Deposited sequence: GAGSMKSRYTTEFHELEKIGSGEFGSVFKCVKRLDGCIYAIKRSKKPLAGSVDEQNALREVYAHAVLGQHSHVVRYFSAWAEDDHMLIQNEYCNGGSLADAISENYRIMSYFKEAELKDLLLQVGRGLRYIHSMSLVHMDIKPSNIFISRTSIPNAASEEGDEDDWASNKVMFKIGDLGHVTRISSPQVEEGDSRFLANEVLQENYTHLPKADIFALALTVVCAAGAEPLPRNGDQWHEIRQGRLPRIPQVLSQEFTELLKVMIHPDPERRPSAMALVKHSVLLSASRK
């Protein structure tokens, strides 16, 4: 078994319908990797398509400091395995949860730094004519003096040849729900805005109903902390009903409120 042979299992760091993810040390180089191990999905199924989007996403992407690095992927024992960079700070979701537990928080300064860094990742992905389509706190990973990296490329698709498996409904732009895929990069921007709103301490986001529509009308959820009217205005325009009014990733990373 390549998995057993090449790696030693240290700790389970994820589990779900996707299988499990393990912190592993690679015997040859002594480095830590995050390795996802899943039942090989039924051929011609949602999970296979999702799985194919991820491998073929790296085929295009390669390497960037704000995208979780991919090293290898293989299949054995009717399981599939993908070997990714290990980010020692867990996901933004874990960090948000821990903030609530010990009652800490991300400074506004740190919200802007999160926005800029994930923005740089998106700028790169979009420049390769791809879109992530599942930006949310659980898919942003932290290396710790802090690097935010975009992970979980299973929903990644082409801009020009749009093939869309919808992301989490809590972070999903209305136009994607309306099967309008003419500006998918702006759907990532919408989701990033709500991701920062979660980090800023907002209540849990709605999965549907009134509050869900209220957000897609361009109204931010309640943020309990003191954010400048200017940083707020940036987050508001990022969830603009009209996706063409939302800034692109490249406009985002060059925005004044973010510099630097």
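Unmodelled regions (deposited sequence positions with no C-alpha coordinates, counted from 1) are 1-6, 151-169, 286-289.
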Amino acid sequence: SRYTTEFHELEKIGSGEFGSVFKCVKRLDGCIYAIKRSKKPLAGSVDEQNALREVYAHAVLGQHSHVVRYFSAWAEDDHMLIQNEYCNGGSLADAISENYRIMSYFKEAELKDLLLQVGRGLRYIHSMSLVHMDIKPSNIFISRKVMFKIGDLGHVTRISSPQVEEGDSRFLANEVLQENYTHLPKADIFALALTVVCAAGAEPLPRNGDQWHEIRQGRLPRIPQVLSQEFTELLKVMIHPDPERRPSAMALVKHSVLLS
From here on, numbers count along this sequence of modelled residues.
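Definition used throughout: the rigid core is the maximal C-alpha set that superposes within 1.5 Å between two forms.
Structural divergence in 9 other deposited structures of this protein between 195-203 and 46-54: following superposition by the core, 46-54 has C-alpha atoms lying farther from the shown form. Larger root-mean-square CA separation from the shown form, computed after a rigid core fit of the structures in 9 other deposited structures of this protein, is seen for 92-100 when 131-139 is set against 92-100. Across the other compared structures of the same protein with both neighbouring residues present, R144 lacks coordinates in at least a third. Of the two segments examined, 130-138 and 98-106, it is 98-106 that shows the higher average Cα temperature factor in the deposited entry.
The mean C-alpha temperature factor is higher for 107-115 when 186-194 and 107-115 are set side by side.
Residue-level inspection of the entry shows that, of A34, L61, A199, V46, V46 has the top Cα B-factor. Per-chain ranking of the deposited C-alpha B factor places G14 in the lowest third.
When all modelled residues of the chain are sorted by CA temperature factor, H66 is found within the lowest third. Compared with the other modelled residues of the chain, the Cα B-factor recorded for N88 ranks in the lowest third. Among all modelled residues in its chain, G121 ranks in the lowest third by Cα B-factor. Among all modelled residues in this chain, the alpha-carbon of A173 has a temperature factor (C-alpha) in the middle third.
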